[PDB]
Each structure stands twice: as structure tokens, then as C-alpha cells.
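Those protein sequences? They're chains A and B, same order as listed. Under our numbering, the first residue of the first sequence is numbered 40, with each subsequent residue one higher. Under our numbering, the first residue of the second sequence is numbered 23, with each subsequent residue one higher. Just so it is clear, CB atoms sit at the ideal spot from N, CA and C, and this is done for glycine as well. This report concerns only the one structure given below.
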Amino acid sequence: XXXXXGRXXXXXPXXXXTXXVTXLXXXXXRXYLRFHXXXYXXXXXXX
Amino acid sequence: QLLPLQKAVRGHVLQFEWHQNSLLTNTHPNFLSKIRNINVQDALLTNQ
């Protein structure tokens, strides 16, 4: 019906500023250290 | 008629405020601490 010259345009529904736009194509119209290895009792203990 | 209730609530808040600023060093000036004497182990350790 609406198809024009081999083009299948059929599958279409047919029934501030106020600009006007064209329809169908819109455009303007833990762990804490332990004592060892912490450097005491490694220089100490006079007993 | 509300005056005495105001007194009661003021007294409550002021009690809390007085308690907040209290420290034992001020009220108990003769509070004890952990004094000790210099002993033999100090001298042995110094020599070592």
C-alpha cells in the first residue's frame, strides 16, 4: 500500500522554548612483635 | 508552673557537667605511684 517503487516502507504505524520537530524524522521544522629478633635479649642478660 | 521542672533538668545537666571535669589527681592529691630503689641488678647491667 505505502510501498513506493520497490521500497518496503509498509511496516510503519498508520492511524523554555517550544520548538517544532517533524514527525517520522525528528528535525526542527593482626600480629604484634614478640621479644626475639627485636634487638633485646641479644645485647643483655647479665645472668 | 514549669519553673521547678526547669530547675530539676538544669540540675541534672549541671551534675553531669561537673562530673565530666573531675580527675583523681585533683581530688586525691596524695595518690600513690610505683617508686623503687636502685639495686645491684642496675649496676651489673651497666657493667655488662
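Which whole-angstrom value is the C-beta distance of residue 45 (chain B) and residue 53 (chain B), which I expect to be below 8 Å? To locate residue 45 (chain B), count along the second sequence from 1; it is residue 23. To locate residue 53 (chain B), count along the second sequence from 1; it is residue 31. At roughly 10 Å, the Cβ-Cβ gap does not stay under 8 Å, so residue 45 (chain B) and residue 53 (chain B) are not in contact.
Helix, strand or coil: how does DSSP classify residue 46 (chain A) here? If you number the first sequence from 1, residue 46 (chain A) lands on position 7. Note: residue 46 (chain A) maps to strand in three-state DSSP.
How many Å lie between residue 72 (chain A) and residue 79 (chain A) at the Cα? On the first sequence, position 33 is the one that residue 72 (chain A) refers to. On the first sequence, position 40 is the one that residue 79 (chain A) refers to. Going by the C-alpha atoms only, they are around 12 Å apart.
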